[PDB]
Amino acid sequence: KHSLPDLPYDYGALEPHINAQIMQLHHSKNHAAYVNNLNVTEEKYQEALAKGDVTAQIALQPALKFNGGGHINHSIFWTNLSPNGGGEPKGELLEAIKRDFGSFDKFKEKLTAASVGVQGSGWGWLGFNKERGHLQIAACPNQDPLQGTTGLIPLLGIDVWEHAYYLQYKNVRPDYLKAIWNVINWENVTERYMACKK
């Protein structure tokens, strides 16, 4: 059913901002484990649902949210990065950022603060509030996906799990966040943003 998507760039394409070892491991080991367990949990849920086992379906929720979210999160993350990214977004998105956060630098601080703030494992997200018609920064615990738990549309996600920066930046999460702005695929983020107004 579910597959591990190919990275749209090589492992060391985000150097030095994100090394090739973090990239190789994060993709081929972490994301891959998510994709597998998701398939197995999804099939065990199918059997339970068809059998009317409500207890089982409920006992499988944690594994489904974790591995499902893990696959949703990482898939979006790969597309959010790029060796040709960085700088500031172009077009409407940069303008929407001006409205909702004041300026690009203010947006940068806020999302960096939401990411640095995650106590434990989690993600920092720039999303879109469909009901409201504006952008919205949000953080999520462990592998809880943005849309499935808040209804917000993911535009730019920054993984702040220790596995996404420890081998290189160690305990200095702030340095990791500062290095990632250099490899942000703004063309992708503007794609997802434009796809919302639809």
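Counting begins at 1, following the sequence as shown.
In this crystal structure, the stretch out of 65-73 and 147-155 whose C-alpha atoms carry the higher mean B factor is 147-155. The mean Cα B-factor in the deposited entry runs higher for 18-26 than for the other of 171-179 and 18-26. Looking at the C-alpha B-factors along this chain, the one for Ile184 belongs to the lowest third. Placement of the Cα temperature factor of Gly124 within the chain: middle third of the modelled residues, per the deposited record.
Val116: CA B factor in the lowest third of modelled residues in this chain (values from the PDB entry). When the CA B factors of the chain's modelled residues are split into thirds, the value for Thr79 lands in the lowest one. For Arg132, the recorded CA temperature factor ranks within the middle third of the chain's modelled residues.
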